[PDB]
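J.: This is the structure I have questions about; it appears just below.
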Amino acid sequence: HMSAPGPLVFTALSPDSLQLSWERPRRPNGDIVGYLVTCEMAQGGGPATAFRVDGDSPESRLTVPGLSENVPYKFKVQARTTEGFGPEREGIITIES
């Protein structure tokens, strides 16, 4: 999926927050203007948080708070282009300590 963001890289910062990073799509389908990051418990049924990332970068980083430990979170990152959204890159992360 070359139009999708690179694989998500999770850097857990604390019991309740992590940094998510991703490389821009190797082959964007359109002009990337930002990203959409959506976070929710992987098990579903939970609240989702959407983060609108403004702009593009070879690698983008986002700190995502309001998490918890021992709960897998599913992150979905899509490039925002001038024409729409690119395909999602998904990544699941659990923070333990």
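In the structure tokens, each chain is lettered A, B, ... as it comes, each chain's residues begin at 1, and ligands are numbered from 1 in order of appearance.
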Just the residues within 12 Å of residue 78 in chain A, please, counting only C-alpha atoms, with nothing from its chain fewer than 3 positions along; format it as a ChimeraX atom specification.
T.: /A:1-8,22-25,28-29,32-39,50-53,56,60,75,81,84-91
J.: For N, CA, C and O atoms, I'd like the residues from the last selection saved as a compact mmCIF listing (two decimals), in the first residue's frame.
T.:
```txt
# COMPACT_ATOMS: atom_id res chain seq x y z
N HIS A 1 0.82 -1.20 0.00
CA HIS A 1 0.00 0.00 0.00
C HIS A 1 0.86 1.26 0.00
O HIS A 1 1.05 1.90 1.03
N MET A 2 1.39 1.62 -1.16
CA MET A 2 2.36 2.71 -1.24
C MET A 2 1.72 4.09 -1.12
O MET A 2 2.42 5.08 -0.89
N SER A 3 0.40 4.16 -1.25
CA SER A 3 -0.31 5.41 -1.06
C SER A 3 -0.69 5.61 0.40
O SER A 3 -1.16 6.68 0.79
N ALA A 4 -0.46 4.57 1.20
CA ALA A 4 -0.70 4.64 2.63
C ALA A 4 0.55 5.13 3.34
O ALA A 4 1.66 4.98 2.82
N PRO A 5 0.38 5.71 4.53
CA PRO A 5 1.52 6.09 5.36
C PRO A 5 2.39 4.89 5.64
O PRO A 5 1.93 3.76 5.52
N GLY A 6 3.64 5.13 5.97
CA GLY A 6 4.50 4.03 6.36
C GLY A 6 3.97 3.36 7.60
O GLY A 6 3.08 3.90 8.27
N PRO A 7 4.52 2.20 7.94
CA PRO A 7 4.11 1.52 9.16
C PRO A 7 4.21 2.42 10.36
O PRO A 7 5.13 3.23 10.49
N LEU A 8 3.25 2.29 11.25
CA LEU A 8 3.20 3.16 12.40
C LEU A 8 4.26 2.77 13.39
O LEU A 8 4.47 1.59 13.65
N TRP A 22 4.99 8.17 11.57
CA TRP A 22 4.83 7.45 10.33
C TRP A 22 5.51 8.21 9.23
O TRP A 22 5.55 9.45 9.21
N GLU A 23 6.04 7.46 8.30
CA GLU A 23 6.64 8.05 7.14
C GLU A 23 5.53 8.39 6.17
O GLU A 23 4.49 7.73 6.14
N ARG A 24 5.73 9.43 5.38
CA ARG A 24 4.73 9.77 4.39
C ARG A 24 4.65 8.62 3.40
O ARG A 24 5.60 7.85 3.25
N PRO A 25 3.49 8.48 2.73
CA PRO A 25 3.31 7.47 1.69
C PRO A 25 4.41 7.56 0.66
O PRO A 25 4.79 8.65 0.26
N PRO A 28 2.19 8.92 -2.80
CA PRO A 28 0.91 9.58 -2.53
C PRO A 28 0.01 9.62 -3.75
O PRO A 28 0.54 9.88 -4.83
N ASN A 29 -1.29 9.38 -3.61
CA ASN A 29 -2.21 9.59 -4.72
C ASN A 29 -2.82 10.97 -4.59
O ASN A 29 -3.94 11.14 -4.13
N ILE A 32 -0.43 15.68 -0.70
CA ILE A 32 -0.70 15.49 0.71
C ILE A 32 -0.70 16.82 1.41
O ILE A 32 0.22 17.61 1.27
N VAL A 33 -1.77 17.06 2.16
CA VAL A 33 -1.90 18.31 2.89
C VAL A 33 -1.90 18.06 4.38
O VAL A 33 -1.90 19.00 5.17
N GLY A 34 -1.92 16.80 4.77
CA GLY A 34 -1.97 16.46 6.17
C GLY A 34 -2.34 15.01 6.33
O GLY A 34 -2.30 14.23 5.39
N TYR A 35 -2.69 14.66 7.56
CA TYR A 35 -3.04 13.30 7.88
C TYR A 35 -4.19 13.33 8.82
O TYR A 35 -4.47 14.33 9.48
N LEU A 36 -4.87 12.21 8.85
CA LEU A 36 -5.88 11.97 9.84
C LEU A 36 -5.42 10.78 10.62
O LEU A 36 -5.08 9.76 10.04
N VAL A 37 -5.37 10.94 11.93
CA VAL A 37 -5.04 9.85 12.83
C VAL A 37 -6.24 9.56 13.67
O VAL A 37 -6.73 10.44 14.35
N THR A 38 -6.73 8.34 13.62
CA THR A 38 -7.84 7.99 14.46
C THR A 38 -7.41 6.89 15.37
O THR A 38 -6.84 5.92 14.93
N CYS A 39 -7.70 7.08 16.65
CA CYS A 39 -7.38 6.17 17.71
C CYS A 39 -8.63 5.65 18.39
O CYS A 39 -9.53 6.41 18.72
N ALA A 50 -10.00 11.49 16.94
CA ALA A 50 -9.43 11.78 15.65
C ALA A 50 -8.54 12.97 15.79
O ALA A 50 -8.91 13.98 16.41
N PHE A 51 -7.37 12.85 15.20
CA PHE A 51 -6.38 13.91 15.21
C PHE A 51 -6.13 14.33 13.80
O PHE A 51 -5.77 13.52 12.95
N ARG A 52 -6.34 15.59 13.54
CA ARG A 52 -6.08 16.12 12.22
C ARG A 52 -4.69 16.71 12.25
O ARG A 52 -4.40 17.63 13.01
N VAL A 53 -3.83 16.13 11.43
CA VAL A 53 -2.47 16.56 11.30
C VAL A 53 -2.40 17.45 10.10
O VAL A 53 -2.87 17.09 9.02
N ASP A 56 2.61 18.00 5.78
CA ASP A 56 3.30 16.79 5.41
C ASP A 56 4.73 16.90 5.84
O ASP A 56 5.27 17.99 6.02
N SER A 60 6.14 12.09 10.16
CA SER A 60 5.27 12.88 10.99
C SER A 60 5.17 12.21 12.33
O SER A 60 5.33 11.01 12.43
N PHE A 75 -4.71 2.37 15.88
CA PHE A 75 -4.47 3.64 15.24
C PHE A 75 -4.61 3.47 13.77
O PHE A 75 -4.19 2.47 13.21
N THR A 81 -5.30 14.36 1.25
CA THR A 81 -4.85 15.04 0.06
C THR A 81 -5.88 16.10 -0.27
O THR A 81 -6.93 16.17 0.36
N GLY A 84 -8.95 14.11 -1.27
CA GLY A 84 -9.59 13.24 -0.31
C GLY A 84 -8.60 12.59 0.63
O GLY A 84 -7.57 13.17 0.96
N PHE A 85 -8.94 11.39 1.06
CA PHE A 85 -8.09 10.64 1.95
C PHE A 85 -7.46 9.48 1.21
O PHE A 85 -8.08 8.86 0.34
N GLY A 86 -6.20 9.23 1.55
CA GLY A 86 -5.49 8.08 1.03
C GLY A 86 -5.83 6.86 1.85
O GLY A 86 -6.52 6.96 2.86
N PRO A 87 -5.33 5.69 1.43
CA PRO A 87 -5.62 4.50 2.22
C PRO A 87 -5.00 4.55 3.59
O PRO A 87 -3.97 5.19 3.81
N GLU A 88 -5.63 3.87 4.53
CA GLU A 88 -5.16 3.88 5.89
C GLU A 88 -4.00 2.93 6.10
O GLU A 88 -3.89 1.89 5.45
N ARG A 89 -3.14 3.34 7.02
CA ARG A 89 -2.18 2.48 7.64
C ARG A 89 -2.71 2.27 9.03
O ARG A 89 -3.01 3.24 9.71
N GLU A 90 -2.83 1.02 9.44
CA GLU A 90 -3.29 0.69 10.77
C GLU A 90 -2.14 0.14 11.57
O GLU A 90 -1.23 -0.49 11.03
N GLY A 91 -2.19 0.38 12.86
CA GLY A 91 -1.22 -0.17 13.77
C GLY A 91 -1.85 -0.28 15.12
O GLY A 91 -2.52 0.64 15.59
```
J.: As number ranges by chain, please: every residue in chain A that a backbone DSSP assignment puts in strand (DSSP E or B).
T.: A: 9-14, 17-23, 32-41, 49-54, 59-64, 69, 73-81, 85-93, 95
J.: Rounded to one decimal in Å, what is the spacing between CA of residue 57 in chain A and CA of residue 21 in chain A?
T.: 10.6 Å
J.: Excluding same-chain residues fewer than 3 positions from residue 19 in chain A, what lies within 9 Å of it counting only C-alpha atoms, as a list in words?
T.: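 Once the adjacent positions are removed, what remains is residues 9, 10, 11, 12, 13, 61, 62, 63, 64 and 65 of chain A.
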J.: Would you save the residues of that selection, restricted to N, CA and C atoms, as a CSV table (one decimal), in the first residue's frame?
T.:
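Saved file part-v1.csv follows:
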```csv
chain,number,residue,atom,x,y,z
A,9,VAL,N,4.9,3.8,13.9
A,9,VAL,CA,5.9,3.5,14.9
A,9,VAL,C,5.5,4.1,16.2
A,10,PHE,N,5.4,3.3,17.3
A,10,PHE,CA,4.8,3.7,18.5
A,10,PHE,C,6.0,3.9,19.5
A,11,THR,N,6.0,5.0,20.1
A,11,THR,CA,6.9,5.3,21.2
A,11,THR,C,6.1,5.6,22.5
A,12,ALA,N,6.0,4.6,23.3
A,12,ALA,CA,5.2,4.8,24.5
A,12,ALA,C,5.9,5.8,25.4
A,13,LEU,N,5.2,6.8,25.9
A,13,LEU,CA,5.8,7.9,26.7
A,13,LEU,C,5.4,7.8,28.2
A,61,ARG,N,5.0,13.0,13.3
A,61,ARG,CA,4.9,12.5,14.7
A,61,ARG,C,3.7,13.2,15.4
A,62,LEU,N,3.0,12.4,16.2
A,62,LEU,CA,1.9,12.9,16.9
A,62,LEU,C,1.9,12.3,18.3
A,63,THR,N,1.8,13.1,19.3
A,63,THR,CA,1.6,12.6,20.7
A,63,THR,C,0.1,12.4,20.9
A,64,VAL,N,-0.2,11.2,21.3
A,64,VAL,CA,-1.6,10.8,21.6
A,64,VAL,C,-1.7,10.5,23.1
A,65,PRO,N,-2.4,11.4,23.8
A,65,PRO,CA,-2.7,11.2,25.2
A,65,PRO,C,-4.0,10.4,25.4
```
J.: Please provide the set of residues having any atom within 12 Å of residue 67 in chain A, restricted to only C-alpha atoms, with same-chain residues fewer than 3 positions apart removed, written as a ChimeraX atom specification.
T.: /A:12-19,39-42,46-49,63-64,70-75,93-96
J.: Kindly indicate which residue among A:82, A:76, A:45, A:27 lies nearest to residue 58 in chain A, using only C-alpha atoms for the distances.
T.: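 When distances to residue 58 in chain A are compared using only C-alpha atoms, the smallest one comes from A:27.
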